[PDB]
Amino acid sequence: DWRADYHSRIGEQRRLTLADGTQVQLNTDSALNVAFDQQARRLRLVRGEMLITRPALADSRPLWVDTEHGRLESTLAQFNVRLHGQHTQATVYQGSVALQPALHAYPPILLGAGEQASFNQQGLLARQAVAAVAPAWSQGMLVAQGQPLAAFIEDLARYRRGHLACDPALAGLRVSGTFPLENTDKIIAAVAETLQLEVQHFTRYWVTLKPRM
């Protein structure tokens, strides 16, 4: 029996070591409640995104990560969990995780390493292979491989206080590159330069990417 609540600020990454020795990294603007009991090592991801690494190798209780959408039961796994507004996304790098959607928990959906899946309370929404061996944010980077601009800037805005947007004519432009999180202004400027876009920044907390005129 051991409990703790954690949160990270916007732009903050935090390293935790839980009582069993499992390591958790919290990404930007995240909140995690931990409650170990005799049955289970319970993690509840209430907001944001976290990476579980170095799982305790010989604890008799399962490790459960729950979100509002369901449970991820870990077997010796290193894996990322990100909560979105309408689904949870899990990415497995080592080992395997059993996904149990809140409203359809059996049969579990087994995710092995190199697999990523999104689910809601009802069940699976998407599933695909990934080649990453750790999430880029956990090493201080964003990585984009042809990512649509609207989705890239949705991800980047999580690390910043203000609003970041692009004109709808630009929403599908593909972003490729690697981007150190140490300076997000530099990320915006580099992406705008590559895509030949103007950065409209008329008030501190509202930035819009626009076609060049």
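We number the residues from 1 along the sequence you see.
Comparing 153 to 161 with 37 to 45, the stretch with the higher mean C-alpha B-factor in the PDB entry is 37 to 45. Between the stretches 116 to 124 and 130 to 138, it is 116 to 124 that shows the larger average CA temperature factor. Of the candidates 86, 89, 100, 78, the one whose C-alpha carries the top B factor in the deposited record is 86. Of the candidates 185, 167, 66, 29, the PDB record gives 167 the highest C-alpha temperature factor. Among the modelled residues of its chain, residue 25 has a C-alpha B-factor that falls in the lowest third, as given in the PDB entry. The PDB entry assigns residue 172 a C-alpha temperature factor belonging to the middle third of its chain's modelled residues. In the PDB entry, a CA B factor belonging to the middle third of its chain's modelled residues is recorded for residue 147. Sort the chain's modelled residues by C-alpha temperature factor and residue 189 lands in the lowest third, per the entry.
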